[PDB]
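Enquirer: So the sequence lines, in the order shown, correspond to chains E and Y. So for the first sequence, the UniProt record's numbering puts the first residue at 694; every next one is plus one. So for the second sequence, the UniProt record's numbering puts the first residue at 694; every next one is plus one. C-beta atoms are modelled at their ideal positions from N, C-alpha and C, and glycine is treated no differently. The following block contains the structure, expressed as structure tokens.
There are 2 protein chains.
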Amino acid sequence: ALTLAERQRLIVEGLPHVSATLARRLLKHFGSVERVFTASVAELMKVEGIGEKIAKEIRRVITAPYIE
Amino acid sequence: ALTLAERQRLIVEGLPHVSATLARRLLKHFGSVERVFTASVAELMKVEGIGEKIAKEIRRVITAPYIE
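Below is the structure:
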């Protein structure tokens, strides 16, 4: 079954523009799934591979209302 | 390309013991991925379908430090 680390990576990989490599980088940078998902645009931009465009697309998915 | 809603569900479905059905319930209740990911165990339990066991498991995965 999924190890904790694998599950953490798969959750973060659900973000747009985020590959396995960027997911690992994000998790190592911020330290937990919660911290990756609460990081501001400016904080995300400090991560290699993430510019203003990607940072905002990531924040959009995280902060957008869920509409069915 | 995944739609915003599909991605939101995908991310939440990455949580332990959370099916597509429960993912939708969580998103409809909290409104956004960020709110689901910052909800305390007690808050997660307000969702019908989320018991103590599941809530604790969800929170553990979300807040656990990332280590390989």
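Taking only beta-carbon atoms, is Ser712/E less than 8 Å away from chain Y?
Expert: Not closer than 8 Å to any Cβ of chain Y, the Cβ of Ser712/E fails to qualify, so no.
Enquirer: So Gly707/E contacts chain Y; which residues on that side make the cut at Cβ distance below 7 Å?
Expert: Simply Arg700, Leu703, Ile704 and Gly707.
Enquirer: Against chain E, with Cβ distances strictly below 8 Å, would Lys721/Y count as a contact?
Expert: Yes, because at least one Cβ of chain E sits closer than 8 Å to the Cβ of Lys721/Y.
Enquirer: Note down, in chain order, every chain E residue with its Cβ under 7 Å from the Cβ of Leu697/Y.
Expert: Near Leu697/Y (Cβ distances below 7 Å), the residues of chain E are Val754 and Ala757.
Enquirer: So what's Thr756/E in DSSP terms, helix, strand or just coil?
Expert: The answer is helix: DSSP assigns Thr756/E an H, G or I state.
Enquirer: What residue range is occupied by the uninterrupted alpha helix (DSSP H) comprising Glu699/Y?
Expert: Counting along the chain, the alpha helix (DSSP H) containing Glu699/Y begins and ends at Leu697 to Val705.
Enquirer: Is any beta-carbon of chain E found at less than 8 Å from that of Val740/Y?
Expert: Not closer than 8 Å to any Cβ of chain E, the Cβ of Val740/Y fails to qualify, so no.
Enquirer: For the region 752-759 of chain Y against the region 723-732 of chain E, are there 3 or more C-beta pairs whose distance is under 8 Å?
Expert: Touching, per the Cβ criterion.
Enquirer: Grouping DSSP H, G and I as helix and E and B as strand, with all else coil, what is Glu761/Y?
Expert: Reduced to three states, the DSSP call for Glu761/Y is coil.
Enquirer: Against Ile760/Y, what residues of chain E qualify as contacts under a CB-to-CB distance less than 8 Å, listed in chain order?
Expert: Those within 8 Å of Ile760/Y in chain E are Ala698.
Enquirer: Express the C-alpha separation of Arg718/Y and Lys749/Y in angstroms, rounding to a whole number.
Expert: So the alpha carbons of these two residues sit roughly 17 Å apart.
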